[PDB]
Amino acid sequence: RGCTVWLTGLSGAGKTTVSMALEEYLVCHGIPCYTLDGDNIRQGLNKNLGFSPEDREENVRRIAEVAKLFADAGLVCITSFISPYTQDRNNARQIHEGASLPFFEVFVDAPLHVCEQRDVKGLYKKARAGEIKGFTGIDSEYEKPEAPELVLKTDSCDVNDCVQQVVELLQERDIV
């Protein structure tokens, strides 16, 4: 019963935080899983990709292919990437659909204002000052999911509420 839990959302909306708490819950309940994120991807397989529209397109494509393999192998694969473009997220869904694997698009949704008040790594302030260019939500677009399987309201639910909602979806869809 492998599947891919595809997170998407602005920088600082809560993707890393949710993925890690979701991965902890699953391991403790004896469900194999693995998380793909900036740390293990953008410095390994995707070390040769930047942040131009084309390189974010290829970033997501390779991640989709990789996730599909983990899902195929029997793991719950959590991906934790901004994935700002609808086309690429829809392509990632297609990849899993073609291979008959369950794909759950989870919109991790905190408003831009909350993300920048959180400013977890000081990035929004730099982006605003033009010291970083093409930052998502300031200088390049984030296209919100039109029909995700789940929307996580990370400004109104705490981390554990969010994890429980994802687990709920996984139960209803017969993964766990």
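Throughout, we count residues from 1 along the sequence that is shown.
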(request) Using only the Cα atoms and their B-factors as the entry lists them, report which of 113-121 and 50-58 averages higher. (result) 113-121
(request) Averaging the C-alpha B factors as listed in the entry, name the stretch that ends up higher: 70-78 or 97-105. (result) 97-105
(request) Identify, among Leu45, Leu150, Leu36, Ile31, the residue whose C-alpha carries the highest B-factor in the deposited PDB entry. (result) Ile31
(request) Taking the values exactly as deposited, rank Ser156 by C-alpha B-factor within its chain and report the matching third: lowest, middle or highest. (result) highest
(request) Can you work out whether the C-alpha temperature factor of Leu22 puts it in the lowest, middle or highest third of the chain? (result) middle
(message) Test of reading the entry: by CA B factor among the chain's modelled residues, which third contains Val5?
(response) lowest
(request) Quick one: classify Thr136 as lowest, middle or highest third of the chain based on its Cα B-factor. (result) lowest
